[PDB]
Each structure stands twice: as C-alpha cells, then as structure tokens.
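All heavy atoms count here, side chains included; hydrogens, waters and symmetry mates do not. One-based numbering, in listed order, for ligands and for the atoms of each. So that the names make sense, note that chain A is the first sequence line, chain B the second, and so on, each numbered from 1.
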Protein chains: 2
Amino acid sequence: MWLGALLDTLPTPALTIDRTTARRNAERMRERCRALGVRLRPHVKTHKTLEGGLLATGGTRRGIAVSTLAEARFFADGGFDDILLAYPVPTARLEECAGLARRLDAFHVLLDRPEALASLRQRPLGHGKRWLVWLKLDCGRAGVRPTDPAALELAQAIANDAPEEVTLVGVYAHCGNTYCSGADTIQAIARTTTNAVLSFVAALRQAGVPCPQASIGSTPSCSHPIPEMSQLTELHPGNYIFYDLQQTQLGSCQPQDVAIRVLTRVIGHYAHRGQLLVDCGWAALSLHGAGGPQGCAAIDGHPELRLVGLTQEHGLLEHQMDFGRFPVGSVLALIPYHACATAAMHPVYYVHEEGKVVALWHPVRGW
Amino acid sequence: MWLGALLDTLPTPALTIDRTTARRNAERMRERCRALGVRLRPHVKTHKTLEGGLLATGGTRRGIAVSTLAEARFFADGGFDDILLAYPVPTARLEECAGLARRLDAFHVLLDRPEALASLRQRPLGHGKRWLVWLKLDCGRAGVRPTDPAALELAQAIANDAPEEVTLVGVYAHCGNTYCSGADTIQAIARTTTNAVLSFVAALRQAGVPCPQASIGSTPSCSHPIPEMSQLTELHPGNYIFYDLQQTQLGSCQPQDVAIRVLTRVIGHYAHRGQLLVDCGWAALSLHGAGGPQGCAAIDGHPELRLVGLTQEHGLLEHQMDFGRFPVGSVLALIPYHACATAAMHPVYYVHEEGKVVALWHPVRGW
Ligand SMILES: *Cc1c(COP(=O)(O)O)cnc(C)c1O
Ligand SMILES: *Cc1c(COP(=O)(O)O)cnc(C)c1O
Ligand SMILES: [Cl-]
Ligand SMILES: [Zn+2]
Ligand SMILES: [Zn+2]
C-alpha cells in the first residue's frame, strides 16, 4: 500500500497517472459530447480498470466499449452495464457472449458478416432477450463498406429477419485511420467517416431499415470534433483519458493533457559511452513508437535526453551528457508513445494528485 | 481449467508451450553444461514461471538468475534458492534485497560501480550473512570493462575490503551482443567474451583477488558452445527453454526446437483486400520483430501467409489468398519473434503434450 507516498518514493519503473489530468480529460470529453448533443461511450482498452471506467463514465458505470471478453466480464463483475463488445463477435465464444447478454440489461455485439448473424441465430439467447447487434462499418480493418450493397442487405437481415431473436441497435465505425498528423487531416478522416455513416443510415431509412443509433470515434477525431458529428447518436473514443506522446505529436492534445508517465530511476552512469542507465526496459514500456527506441518515449522536462536503447529491464539515455544533473538514484518521468500499449505492461497504476499517491488501479488483462 | 483439452479448443489468442519440446530444451542445455564441466544457472526471464524454473533446473529448484525483485520474491516464495539477481543491484531497494538475502541460503547480487558497493556497506545484512556479490563485466550495456584498471580495483574492494560484510563470488558477463547471425559470429562474440573474462580472472589471481566463479552466457552462445567455456564455472542462458523465430533466424536452433506458439483464430475474410483477420493483436504478441509487422511472427506450416498488420486485438494476414484453405474459425499457430516479449503479454501459458493441455503455467510480472 502506497497511499500518501511521494512519487519519487515509488518502486521503479512505475506507471503513474495524474488523477487531476485524467479527471479533466474525462470531463472534457463528456462536455464535448454534451455540446454536440451525443452520448459518450468511452472505450476502456487504454486502461482496462474499473476506476478509469468510473471516471470516463462520469460515475454512472453505464455505457462503455471493451476490446475483449476478459474486459466485458471484468466490467460486468464490477457492476457496469450497457457494455459493447467492440469487436467482430467471437462466434467460437458465443456461449460466453450469451452468458453476458443474459446477466446484463444491455450487452452489445458487433458484426460484419452474414455467417456471424447465422451463428447468432443458431445460438438464441432465450430468456426474453435479443442479441443487440451493431453493424460494423468500414469507412480499413474490419466491417462492411457502406457502399457495398452487401452492407445494406446485412443491415436489413440483422434488423428484420428475426426480430424476436436479434435486433439492429445501430451502425458502428472506428476511424482508426486518423493515426496522419494535424487537425485538418484528422478532421477530414472524421468527415469522410461521419458522412459515409450518415449516408448509410439515410440509405437504411429509405430502405425502411430501422437503425436507431450511429457511433463513431477515435481519440484524434473526438479531441477536435466537427459539427457533422452532432447528427450521430454516440462517440466512442478511449485513449483520451490518458493521452500519450503519439497523440501529442498528432496534435490531438497538448503535453499538459498527458496523464500517464513511466517513472524510472537512473541506475548507472557509463561515461565511456556518454549514457545514463535507467531501470525502465521494454517490459515496462513496450516497443511502441520504435517502428528506433528514441521514438518510444520522451523524458518529461528534459528535451536534451533521448532513449537510444531498451532491453527487457534496462534503458539507455543519451544527451555530451551532464552526469551531475542526473545522479544515480534520481527519478525521471518517461512520457510513453502509446498509452494503451504501455498500460498493458503494468499490473498496477499509481494514481496521484499534488505529488502524492491517492489510489492504486489494477487493470484486467488476457482474453 | 483446461487440462485434457485439445489445442483447437482453447480460447484464442492463446500462448501454448509444447512441454515435450520445452523439457527437451531444458535437458539439452543441462547436458551441454555437464559435457563442458560447468554448472547451469538458467535465467528465468523468458517464462517467469515456477514450472519453467523447475524444468530448467532439472527438478532441483536451485540455481537461477532473475531480472527483477518481483521474480526473486516469486521464486523464493516458490521454494527456490541460489537465486542471482542478474541486474545492477537496486540501491534504492536495498531493504528488499537484504530481506531476500536473509531468507535465502544464497541470494546473489551484481554490481559494477564503487558507489553501489558503498551502498551495500552502509546497509549491512547482519545475521551472520554476507552480501554475495558478482562483479558485472562489460566485454555493451552494464558492467565494467575488464581492461579498465577500475575493474580490477573494484573486484579487489568487493573481495577484501570488508570480508565480514561482503564477498566476491565471481565475475558475470552477458554476451547480449550475440543478438549478428550465424554460428561463426556468435561463437566469435562468445570467444571474445570468454577470453576477456578468463583474462580478467587470471589478472585477479595474479593480484591475489579471490574469484571462485565465472559466469557467462546468452542463448545463442550456449546453443553452440565453444571449448573455452569449460574454463568457466557456470553458464546462464534462459531463452533456450522456449526459443523463438529470432533464435531460429540467428541459427541458434531449428524450427523444431521452438516450444512456444500463439494460437489465433481466423475471425474474418476480407476479399476486397485479400486479407484474413485473426484474433491475435499486439496485446497477445508484442511488436518485437517489427523494427514491419511481418517480422513479428511466422505462421507455422504456412510460409504463404504473412502478418501485414497488428492492432491491439486484431491481426491481418495476407498470402492471392485462398479463403477455403482457412475457414473462419480455423486455428493457426503463430511463431513469435521474441519469446521473452510474447510471454510477457500472457497471464497463462497452455502447456501441452500430444495435442492436449497438460498444465497451465502462470507467470509473475511487475517489479
Ligand atoms: C480503440 C477503439 C476505440 C477507441 O479509439 P481510440 O482512438 O484509441 O480512443 C473505438 N472503437 C474501437 C473498435 C477501438 O478498437
Ligand atoms: C537475459 C539475460 C540472460 C539470459 O540470456 P538469453 O540470451 O536471453 O538466454 C543472462 N544474463 C542477463 C543479465 C540477462 O539479462
Ligand atoms: Cl512491444
Ligand atoms: Zn491505442
Ligand atoms: Zn529475450
């Protein structure tokens, strides 16, 4: 137990979350959605914690998206509901999906293939419940292309072919392609996606296919929303609760919006090479940002320094260095490239305010 | 509980370990060391499990190397002893190190700085125990260069300056630089390292510095050992228990020596792009091998296929494809680039023999 502890006191490497910053990020996204007239369904995959979920959800524990059944189960067990499995429904795991649909007032699934609908049909929920299905739109990884006649036909089938067993809740797009720098290009992807979705829904209405909801979002696009988004019903970003270096470089946020660090101690000086040795390796950071290591993290408040090497449990920093500025034992705060990836390496996050630990959040992991 | 289950039955993505292969790998390294007349101190960081430790150690639970205090504690609690913390000793965590030194018959630490020795001196163990110290030799990340006069002086200090509180057990080098392809260049690094170590120890003997042990090793060098190694006392490879694609490419092993897979299900076909969608993203694999994604894994038994994309929970495979060869629902076995990195993403390993799960191993993680 580390409650009350000063940050420089923590065992490193340590993932830290500034709760003032995270709370602010959570509330700001809630406000953007309120201003647009749309609901927020935060994706939880960046943190995978009940505590982060509670913040993102403004205390309601209702209305989230998850990336795995491990998360769906974990959040369900933590008293959340209105949980969307934002993943082509795992037809090999339908018994588990149906278990969740039966426990929850609203467990939502996505699909983009007729065979998946067929699988849902041959595993009815019973219990007076319907599979709550969203059609995933590809506007380029999963989903159906909205201009593909197949898309409209699949929507029709989801909506009307077995109204007693399955229902079409809405369409769902994830504009993951926003990960092009600049507000202008981000907003362009947002607009193509938004308009493609809106045009598809308009086609659905004309074809008499009821589609009450329409959900898009990624952190870049929801950090600089466009007015066209007010014609949707819901936005589902997730990374924004923490942000990270990549989002900062993308222009999604300012450095002050990044809640996450990895704290690391200088554990050695190697003058013959001009390097600091730190106790944060890829086990604490991941290699996200390297495709080299310089791209994986910046040192907060120290532009002079750069990561030049990562092994499992060690990192090497280079400036000509200044070894008196960085005694062995000093603590540096790394700003990670990708919060989701870095958070996935940590069994605990030390959540702080005013320099002191205020909470410990423990994420779920696995599948 | 999945004991007895057929592999195609597991929830994917699933890290699987062929126990016949792992056991064979464990026994083979033990035999190489026996043939050389040296001890084996397996490093556990590739698997971080008590079960893997028991295999590597030939059932003794004695004589391992670990990369973190989390591992030292976990293995100590699992009844292991003669545990070496193969890491410049964490002078900010000395109370924890001393706790371990006090519980264990033999907890070993490494250092390469006089200040670290000074820290050990100002935190005596008491209890009739001595800090068991190895001098880390850099023959290029941590350690002292053996030709650096400072090295000999630090060895002298460790050995003789407070014989009641601190003792020099031996010198420790990790020829991590073997990670240059080919047996010839691997063995060259092994030889430079081995000879540098042997020359340093010879210098120590001439200077009257007692140094009873001398430990080197990496998986590449211990997979093709050289006779000069018989002049050492111990070898400390670790990855070999599983091996991986990188070691296969390095020539350390044959494909048949790789015990580890990540099983993944085909979850979609996207003909308009010629791609299979699988349920293994970087959350199950890591991005090791990308610095792109094609380098992170091969598909076992399917040279035709290649990873072209990884998101957190999805992967994209490309051949012109053949969608009938790979129905949605089929299970493919990914051979990961770096076992250590992939294993760090999994809360459980499904260990199998003759196609069926035989054990579940749960690794420790964190710091
Ligand atoms: C990650 C994800 C989101 C949230 O996007 P971010 O840009 O990470 O905030 C929404 N939908 C899906 C399907 C996702 O995978
Ligand atoms: C990883 C490691 C080893 C084991 O080396 P492998 O090539 O991974 O088998 C030995 N010593 C140290 C210090 C290590 O970090
Ligand atoms: Cl990674
Ligand atoms: Zn992300
Ligand atoms: Zn490794």
Side-chain angles (χ1 to χ4, degrees), chain A residues 25 29 40-48 56 64-68 71 84-88 108 110 112 134 136-138 141-143 172-179 186 189-190 193 215-223 234-247 250 252-253 260 281-283 286 288-289 310-314 336-344, chain B residues 43-48 67 174 176 178-179 218-220 237-247 250 252 260 281-283 286 288-289 310-314 336-344:
Chain A
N25 289 334
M29 194 64 74
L40 177 56
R41 172 192 298 282
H43 204 300
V44 302
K45 80 175 198 250
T46 300
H47 56 89
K48 301 195 182 184
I64 59 175
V66 300
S67 65
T68 60
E71 288 160 73
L84 182 147
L85 180 58
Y87 196 86
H108 305 255
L110 267 46
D112 70 11
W134 296 65
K136 171 97 176 223
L137 290 194
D138 168 14
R141 165 254 288 162
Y172 187 107
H174 168 59
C175 22
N177 33 336
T178 56
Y179 287 75
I186 293 163
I189 292 164
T193 297
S215 190
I216 77 154
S218 64
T219 281
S221 67
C222 301
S223 303
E234 157 193 307
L235 294 179
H236 53 238
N239 166 285
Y240 72 93
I241 180 156
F242 292 166
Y243 288 112
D244 53 35
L245 179 59
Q246 164 177 55
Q247 298 296 147
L250 282 180
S252 301
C253 66
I260 178 160
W282 54 255
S286 96
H288 287 241
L310 283 169
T311 60
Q312 190 160 336
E313 293 296 343
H314 282 330
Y337 184 75
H338 191 185
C340 316
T342 294
Chain B
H43 204 300
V44 302
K45 80 175 198 250
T46 300
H47 56 89
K48 301 195 182 184
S67 65
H174 168 59
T178 56
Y179 287 75
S218 64
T219 281
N239 166 285
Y240 72 93
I241 180 156
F242 292 166
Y243 288 112
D244 53 35
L245 179 59
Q246 164 177 55
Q247 298 296 147
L250 282 180
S252 301
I260 178 160
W282 54 255
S286 96
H288 287 241
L310 283 169
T311 60
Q312 190 160 336
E313 293 296 343
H314 282 330
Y337 184 75
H338 191 185
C340 316
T342 294

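When the heavy-atom distances from atom 3 (C) of ligand 1 to A/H43, A/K136, B/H314 are ranked, the shortest goes to A/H43.
Of the heavy atoms in A/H174, only side-chain atoms (C-beta onward) come closer than 4.0 Å to ligand 1. The side chain of A/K45, and not its backbone, has at least one atom closer than 4.0 Å to an atom of ligand 1 (non-hydrogen atoms only; side chain from C-beta on). Only the side chain of A/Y179 comes within contact range of ligand 1, with a heavy atom under 4.0 Å; no backbone atom does.
A donor-acceptor contact under 3.5 angstrom links the side chains of B/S218 and B/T178, judged on distance only.
Ring orientation note: the planes of B/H288 and B/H338 are tilted relative to one another, at an angle of 30° to 60°.
Without hydrogens or angle criteria, A/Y243 side chain to A/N25 main chain gives no donor-acceptor distance under 3.5 Å.
At least one heavy atom of A/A86 sits closer than 4.0 Å to an atom of ligand 1.
Distances from the Zn ion (ligand 4) to the N/O/S atoms of A/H338 are shortest for NE2.
Under a 4.0 Å criterion applied to the non-hydrogen atoms of A/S218, ligand 1 contributes the atoms 5 (O), 7 (O).
Where the criterion is an N or O separation shorter than 3.5 Å, residue side chain and backbone included, A/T46 fails it with respect to ligand 1.
With ring centers used as reference points, A/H236 lies under 6.0 Å from A/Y172.
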